[PDB]
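Beneath this line is the structure, given in structure tokens, with notes to follow.
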Amino acid sequence: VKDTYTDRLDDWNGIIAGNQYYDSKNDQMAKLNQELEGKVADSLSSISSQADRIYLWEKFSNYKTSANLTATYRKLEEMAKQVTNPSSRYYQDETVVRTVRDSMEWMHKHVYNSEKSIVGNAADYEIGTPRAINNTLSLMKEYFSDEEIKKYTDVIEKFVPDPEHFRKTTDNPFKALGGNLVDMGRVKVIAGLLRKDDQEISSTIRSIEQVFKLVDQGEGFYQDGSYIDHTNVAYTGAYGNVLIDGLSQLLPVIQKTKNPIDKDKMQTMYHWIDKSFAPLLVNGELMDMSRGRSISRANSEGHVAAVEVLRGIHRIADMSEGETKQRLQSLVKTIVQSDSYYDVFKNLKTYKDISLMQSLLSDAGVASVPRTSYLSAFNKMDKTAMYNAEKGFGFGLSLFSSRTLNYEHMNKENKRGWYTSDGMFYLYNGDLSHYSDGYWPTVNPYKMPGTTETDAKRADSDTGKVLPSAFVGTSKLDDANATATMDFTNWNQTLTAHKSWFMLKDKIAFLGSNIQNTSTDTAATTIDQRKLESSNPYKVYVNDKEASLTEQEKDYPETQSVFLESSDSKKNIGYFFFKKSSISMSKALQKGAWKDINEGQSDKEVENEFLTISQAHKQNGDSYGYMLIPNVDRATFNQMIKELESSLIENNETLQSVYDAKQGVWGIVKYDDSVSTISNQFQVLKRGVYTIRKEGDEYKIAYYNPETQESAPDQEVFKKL
Ligand SMILES: CC(=O)N[C@@H]1[C@@H](O[C@@H]2O[C@H](C(=O)O)[C@@H](O[C@@H]3O[C@H](CO)[C@@H](O)[C@H](O[C@@H]4O[C@H](C(=O)O)[C@@H](O[C@@H]5O[C@H](CO)[C@@H](O)[C@H](O[C@@H]6O[C@H](C(=O)O)[C@H](O)[C@H](O)[C@H]6O)[C@H]5NC(C)=O)[C@H](O)[C@H]4O)[C@H]3NC(C)=O)[C@H](O)[C@H]2O)[C@H](O)[C@@H](CO)O[C@H]1O
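For what it's worth, PDB author numbering labels the leading residue of the sequence shown as 170, then goes sequentially.
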């Protein structure tokens, strides 16, 4: 029965499958179509036939694991996509139509109905499964009656009745904010159109609209671009991704309902793109520090994840006009063209997404210009992202605080994230593949780069923790220069450190003071654990003389510098030690499996070579002190460590400071309210974090107090001397 609800569903079909756009002459469309053909063949040759059965598919048979419900209905959706494609071999196929129908019925009667209770994880009963049912029904709505469609969605109503609340039938329910609110959207608007229910669509839209509100606490977007999910976790790059991905599919539909969404409540979406997501995207890669436990999935490494966000943006762009459309088209086009490592099309899963990207890349009117330098201090999620366009590298700093969880190990994913927010750093360089090709299952999780740690063994059954201290944050001065610190205590209160970082345009200084250990376990700071390419060997230098690294750890006492020299300048990494420091280094094959870190993953052995730089801390009160100088040739590094000979102002228990004389910039971290005179030019007065620039005879000042999460009047923290 055909009216405006089914007009809306025609539009949804065009978005989630886009059969209407399919063109067999299109190389990239034809390839995805081929992938759906083979997936439907596998389901059809596999499925349980004859006299009534205990499952539809054996690989997905234990209906107590709820991931098996969604995986089963997603196989039916795939059949509904091929069955409504004129160019599929399954086009209006009688077996396929009958199979989808009988399978919906069998599921309804035996596995997933209103008499059922949630067993296992609720996301499946409330989001994953309802989306696959709704999509199946929508694609194939000319093969079902109105009564069948109502019958097969009654269950969806029992599990998701309220527009406002996500878990309501359980012995334990919560509030829909964030991507779950947008996920509520996709479930209920579509179930609403399928069931010809105006109250369901309108109230569902009224409810989605709250996602446009910036928040002060809990889940959602903050004014500084942070995005929080699961109560206290940094999560732009997974739950954020869902939010933008899901909303951007639903909007063309919402905008033609009788309850359209105001074009001013919209403008918040562009602030998300520019403030929250864009800083997180480097050479086509979405930074791991923002993806939570999704880092532990072989099929969602950084460049694959990035595409979720990008296809979100390109849809937003398509529904905009004039200037905002061109700019967002250009943002997407430049990100995609910088990426020599990953073929975007491999994560573009509908014909209209393929089509949109194709037109975008070949439209000469759409500019593809290299992105400019920036620096985003996501204080509200204790992360900092930095990017230098001159030299070509990004930097991520992964922290946590009293306000945030260090790592998320949930649904048996990310078993060894332990130290991923312990002042872990990321370097984004000419090696696009670095954090990919099985970085995550192969990296030694005891030696996460930048982190100071004991060598105690860790247990995979462990969960995340908040930090005892609130004194964790970034003071940003400008697009090139900031300072961070972290009042560090380890997971069992045996070790501390005052860790601070000095972001100074084309280099970052790492200071640690007040290093203390009450355990018997040895303590060390990992300077680096860099994954290598057989195709691009580093020549390694210590104090400017060639060294040769071995599987076996070698000691390099009296070290002023280490330099890692590629044939490509954009892969080079220098480490300048302000004071001669006692270090060790090795280069070794490291093995493991994705399953080691995500139970639901493959157990196949993966391997990669890694080069590890560590500094032992054997005494209480110990210190570290070095400058990371990326993307310069050896001769340039040698000159810069001469410019910087005296850059270290202080590195003690109450005060840390570095000075860039070339820029005239100071970073400073104070742990107490004493008067600190700095370079004989000014004094700084309060506990907190400082980035300062001398312009002739004035000072620009960036003070941040991380505990109260406030800046301050200039006269309370700064005085010229
Ligand atoms: C333990 C406990 O009690 N915890 C609670 C806590 O509950 C937890 O909540 C979270 C949460 O969601 O917040 C739960 O998180 C999810 O867990 C599962 C299981 O491990 C993960 O698999 C899931 O990760 C997502 O999984 C999806 C999936 O496969 O189901 C992924 O799906 C795909 O997403 C695409 C993005 O739009 C989508 O396009 C795609 O569909 C296809 O799209 C096409 C298209 O391009 O249009 C196409 O045409 C197609 O037709 C269409 O099918 C969709 N499906 C496929 C097959 O590709 C998704 O990308 C992936 O991210 C994970 N969710 C996230 C966001 O990570 C957790 O399990 C719960 O336990 C409570 O929340 C908390 C209170 O707040 O308290 C805790 O105690």
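Backbone N, C-alpha and C fix where the C-beta goes; we use that ideal spot for every residue, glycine too.
| Query | Result |
| --- | --- |
| Limits of the unbroken beta strand (DSSP E) element including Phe594 | 593-597 |
| Length-filtered (4 minimum) alpha helix (DSSP H) runs lying within the segment 399-434 | 408-423 |
| Segment limits, alpha helix (DSSP H) that includes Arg177 | 173-185 |
| Endpoints, beta strand (DSSP E) assigned at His667 | 664-673 |
| Bounding residues of the alpha helix (DSSP H) (the contiguous stretch that carries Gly743) | Taken as a continuous stretch (DSSP letters only), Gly743 belongs to no alpha helix (DSSP H), being part of the beta strand (DSSP E) at 742-761. |
| Other residues of its chain near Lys855: CB distance less than 8 Å, five sequence neighbours each side excluded | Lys839, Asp842, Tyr872, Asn874, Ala881, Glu885, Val886 |
| Cβ-Cβ distance between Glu246 and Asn304 below 9 Å | yes |
| For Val351 and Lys831, the rounded distance between their alpha carbons | 48 Å |
| Span separating the alpha-carbon of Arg300 from that of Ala291 | 13 Å |
| Residue burial classification, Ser218 (beta-carbon count within 10 angstroms, cutoff 16) | exposed |
| N- and C-terminal bounds of the beta strand (DSSP E) containing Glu206 | Careful: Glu206 lies outside any beta strand (DSSP E), inside the alpha helix (DSSP H) at 196-215. |
| DSSP-derived helix/strand/coil call for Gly389 | strand |
| Residue closest to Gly586, alpha-carbon to alpha-carbon, out of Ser605, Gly836, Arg270, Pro610 | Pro610 |
| Sequence ranges, beta strand (DSSP E) only - wholly within the segment 619-653, length at least 3 | 621-623, 641-645 |
| Neighbour-count burial assignment, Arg267, 16 or more Cβ in a 10 Å radius | exposed |
| Reduced DSSP secondary structure (H/G/I, E/B, other) of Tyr707 | coil |
| Per-residue DSSP class, three states only, for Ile684 | strand |
| Those residues which DSSP pairs with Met579 across a bridge | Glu582 |
| Sequence-distant residues of its chain with Cβ nearer than 7 Å to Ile677 (five each side left out) | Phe564, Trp670, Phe671, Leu797 |
| Whole-angstrom distance between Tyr707 and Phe779, CA atom to CA atom | 11 Å |
| Test item: CB-CB of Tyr174 and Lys365 under 9 Å | yes |
| Sequence-distant residues of its chain with Cβ nearer than 8 Å to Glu559 (five each side left out) | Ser542, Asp675 |
| Spatial distance of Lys319 from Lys634 (CA atoms) | 45 Å |
| Reduced DSSP secondary structure (H/G/I, E/B, other) of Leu574 | strand |
| Rounded straight-line distance, which links the Cα of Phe745 to that of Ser730 | 5 Å |
| Ligand 1 heavy atom lying under 8 Å from the CB of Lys200 | no |
| One or two residues paired with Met796 in a DSSP bridge | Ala678, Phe745 |
| Any alpha helix (DSSP H) of 4 or more consecutive residues that is wholly inside the segment 236-293 | 236-252, 263-275 |
| Cβ pair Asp690, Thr623 closer than 9 Å | yes |
| Cα-Cα separation between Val711 and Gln770, rounded to whole angstroms | 40 Å |
| Buried or exposed (CB count within 10 angstroms, at least 16 for buried), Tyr597 | buried |
| Exposed unless 16 or more other CB atoms sit within 10 angstroms - verdict on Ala407 | buried |
| 6 Å CB neighbourhood of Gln498 in its chain, flanking five on each side removed | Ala486, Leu529, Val535 |
| Residues that DSSP places opposite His334 in a beta bridge | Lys344 |
| Beta-ladder partner(s) of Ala554, from DSSP | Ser545, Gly565 |
| For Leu733, the first and last residue of its enclosing beta strand (DSSP E) | 723-734 |
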